[PDB]
Amino acid sequence: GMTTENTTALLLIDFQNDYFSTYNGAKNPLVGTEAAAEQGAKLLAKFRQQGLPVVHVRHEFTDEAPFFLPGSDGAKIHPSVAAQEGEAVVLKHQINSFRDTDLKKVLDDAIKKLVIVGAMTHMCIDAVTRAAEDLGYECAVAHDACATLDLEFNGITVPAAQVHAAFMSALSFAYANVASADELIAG
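According to the deposited numbering, the sequence shown holds residues 0 to 60, 62 to 110, 112 to 188 in order.
Below, the structure written as structure tokens:
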């Protein structure tokens with residue numbers, strides 16, 4: 000029946016204080032989070048400037065959790081990308097943002114497509130993008146609006162830029178349109 004073309008939601012995954020090295024006492028600082036958030040904020044402003052849907056996702060762990069302690073300031077969304085009234089915030093406890101959360105029900109109450118930003122590239126961004134595309138959403142990922150960190154495995158240390166590049170490459174075309182905040186803004 001009568002439809003809008005405005006079925007793309009901006010989905011911000013866990014831009015939470017513990018991820019920012021500029022946040023005093025951050026328990027899980029990532030590489031380049033501030034810059035990533037700067038780009039996410041750019042996108043945030045564009046969506047609100049249009050009629051478009053904006054959905055936030057936030058993670059909490062137990063009080064002896066390593067980071068994102070439940071109820072802590074460290075688990076609060078960073079002010080550079082803070083939520084506004086009307087914009088749903090989904091609280092999650094698993095890596096995948098659809099798992100045991102209301103995310104689907106939420107999207108299904110507004112959404113056809115997603116623009117994905119947030120953290121961490123190799124963990125929660127990978128998970129939500131692949132889960133979403135498999136569920137049927139057309140996904141894009143603003144690559145300069147996500148963040149990760151340096152990884153090590155069995156003696157090999159992969160710097161964050163390379164972690165990010167591998168995951169973004171993996172997601173590009175197979176699962177999502179991977180493009181700049183500015184490129185996505187331009188359209």
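Ideal Cβ positions, reconstructed from N, Cα and C, are used throughout, including at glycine.
Consult DSSP for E153 and reduce its assignment to one of helix, strand or coil.
Three-state DSSP puts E153 in a strand.
Would you kindly check if the distance between the Cβ of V56 and the Cβ of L11 is under 9 Å?
Yes. Within cutoff.
Could you check if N16 is buried or exposed, using at least 16 other CB atoms within 10 Å of its CB as the buried criterion?
By the neighbour-count rule (16 or more Cβ atoms within 10 Å), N16 is buried.
Tell me whether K105 sits in a helix, a strand or coil according to DSSP, three-state version.
It is helical.
Relative to the C-alpha of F14, which candidate in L107, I186 and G74 has its C-alpha closest?
Ranking the options by Cα distance to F14, first place goes to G74.
Where does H78 sit, in a helix, a strand or coil, going by DSSP?
In this structure, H78 counts as coil in the three-state DSSP scheme.
Contact between the stretch 38–55 and the stretch 127–138: three or more CB pairs below 8 Å?
Counting Cβ pairs under 8 Å, fewer than three are found: no touch.
According to DSSP, which residues form a beta bridge with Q15?
According to DSSP, which records beta bridges pairwise, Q15 is partnered with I77.
Compare the beta carbon distance of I126 and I112 with 9 Å and say whether it is the shorter of the two.
Not closer than 9 Å, so no.
Hey, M121 and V142: beta-carbon distance below 9 Å or not?
No, the Cβ-Cβ distance between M121 and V142 is not below 9 Å.
How long is the line joining the alpha carbons of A88 and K105, rounded to whole angstroms?
In a straight line, the C-alpha of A88 is about 12 Å away from that of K105.
Just confirm the distance between the C-beta atoms of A148 and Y18, as a whole number of angstroms; I'd bet it's less than 8 Å.
Right, their Cβ atoms sit about 7 Å apart.
Buried or exposed: which applies to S20, given that a residue is buried once 16 or more other Cβ atoms fall within 10 Å of its Cβ?
Under this definition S20 is an exposed residue.
Flag this pair as yes or no: are the beta carbons of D151 and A161 separated by less than 9 Å?
In this structure, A161 lies closer than 9 Å to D151 by Cβ.
Any Cβ of chain D within less than 9 Å of the Cβ of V164?
The structure shown has no chain D; it contains just one protein chain.
Can you tell which of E153, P66 and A34 has its C-alpha closest to the C-alpha of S80?
Out of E153, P66 and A34, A34 has the C-alpha closest to the C-alpha of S80.
Three-state secondary structure (DSSP) at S170?
Three-state result, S170: helix.
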